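In the structure tokens that follow, the same protein chain appears in two forms, which are kept apart as structure 1 and structure 2.
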Structure 1
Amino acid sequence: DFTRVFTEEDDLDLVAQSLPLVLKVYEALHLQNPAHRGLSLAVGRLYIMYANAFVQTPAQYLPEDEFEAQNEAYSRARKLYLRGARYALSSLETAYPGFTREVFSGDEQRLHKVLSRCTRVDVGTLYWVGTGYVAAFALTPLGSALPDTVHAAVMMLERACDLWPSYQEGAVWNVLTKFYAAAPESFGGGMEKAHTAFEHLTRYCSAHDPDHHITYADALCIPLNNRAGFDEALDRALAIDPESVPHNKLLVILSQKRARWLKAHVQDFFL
């Protein structure tokens, strides 16, 4: 209802400047009604999307010399991802008391047993919690990360896949592709895994979606030194007309800014 005015927006600045109080209002509603699962999820998702689009992403477009401000913005995004993930996780905690202790126990059997309690109704929540933690990890120094948190997040994502492969046009497979391709094999990564996750994504994703093209270029083409594929994929991301998309015009605009940047910086990624 109210989200349409944000998701169909083409003016980034209007969104960036209005989203903060919105986050604050949802946050307050959530704390006033901690057993409302919808509110838990909503506010969690909001922090994670804000963290990406309006904290992390602008930091990425900063110049080499201002790395200090970059690092500080990355640390800021990291904290917001985690706040977002923890807010969404309270939807699972409300539905299954003790969920948080189990899921982060480091005990594989307890992790698996608690994830087996989840149903299709929990898929949205699994997706956002797992995504929040994976997005935080991507900005976490590989030395001071928390393998058990990371492992739990991915297992939540993998559980959502089992439950509901097609969810949000394959959005889960997208986050998994990125995780596997970028993650050290000590933390569960691997390119074979990344490719299979991407194969599932292509079954469900929209032709109007630039993100699966960008994921192909960024997560898969770069590590494999496939500059040809990188270029084609981004040309496909950029061929999409934001005015023609059925919804999420705002996210398409954001993704196309990112693909434009990747193209401009191609020389950084290949030899």
Structure 2
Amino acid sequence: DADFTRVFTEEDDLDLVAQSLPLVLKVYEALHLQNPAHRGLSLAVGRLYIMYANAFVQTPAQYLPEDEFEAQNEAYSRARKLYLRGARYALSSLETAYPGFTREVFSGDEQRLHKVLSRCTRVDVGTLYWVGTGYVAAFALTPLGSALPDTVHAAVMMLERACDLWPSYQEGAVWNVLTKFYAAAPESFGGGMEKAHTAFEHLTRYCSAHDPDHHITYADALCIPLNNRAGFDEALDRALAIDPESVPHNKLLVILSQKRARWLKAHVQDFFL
């Protein structure tokens, strides 16, 4: 329901959302197991798992004191697992449309991978995004050596596919994820700063002026590693300038994002000099 998703997305109280959601996922999941073939459901539960790992698992952990790092590592591991689960849920909607999809995309054969992605339409873009995103989120929480380079590559190819079908999708959101990925990976892992900036430029074509995220993404995926405090500081000011009451939709995610910007600004000393 539309007014039901509203009481969550337009919410300003993070604790409330966090205490109410787990059961909602449990339900959507139980539903999905009744209807494995229902594609909107598969995707919906996967999307929820991912968004929940981020906001209520990974994010809170990032705010832990640097000696709580063991607790912080469990949490990262918890979140890594939720990301994967939500990513398999979403992917199983693709497997419903295109039987044999999973086996191709995870083949490790670049041709099989691209062929199978070539048969994807504008209808699959949201699905591609969530799966690609879920894996990439997981990979970022994954102990070095524990990933499978082909799995990552596949996930990234899904995002790049999405961009190709529907560049402007969800006010640019695929570029956002891609920007974080390219900037955090070596020129030898399929990443780089050149790619990263290129994806960011696109992001700024499509992104909303009421969205804090792209400023934040700019501050900490670009400005930090390039050691630009100025850019870092100005971007966060931009992010924090936005009024949550004045935004049309997604008040919660704005509030979440600003909580992060505040934190980033408090700690600028730890990222620069």
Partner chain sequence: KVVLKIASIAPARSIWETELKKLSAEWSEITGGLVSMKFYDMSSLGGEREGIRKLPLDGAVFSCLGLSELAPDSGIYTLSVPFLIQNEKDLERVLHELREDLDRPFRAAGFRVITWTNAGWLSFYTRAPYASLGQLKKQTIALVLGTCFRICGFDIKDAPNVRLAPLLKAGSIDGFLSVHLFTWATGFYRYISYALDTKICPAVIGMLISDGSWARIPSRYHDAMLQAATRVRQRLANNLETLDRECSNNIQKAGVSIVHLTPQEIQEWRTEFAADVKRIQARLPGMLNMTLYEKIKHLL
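The first residue in the sequence of structure 1 is number 1, and each one after it adds one. Think of the rigid core as the biggest set of C-alphas that the two forms share within 1.5 Å after superposition. Residues that one form lacks are left out of the comparison.
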Only one of these is the form solved without its partner chain, so let me know which.
1
Fix the rigid core, compare C-alpha positions between structures 1 and 2, and report which of 97, 184, 106, 147 shifts by 2 Å or more.
184
Once the two forms are overlaid on the core, the CA atom of residue 117 shifts between structures 1 and 2, in angstrom, by 0.5
Using a 2 Å C-alpha criterion and requiring 3 or more consecutive residues, which regions move between structures 1 and 2 after core superposition?
184-186
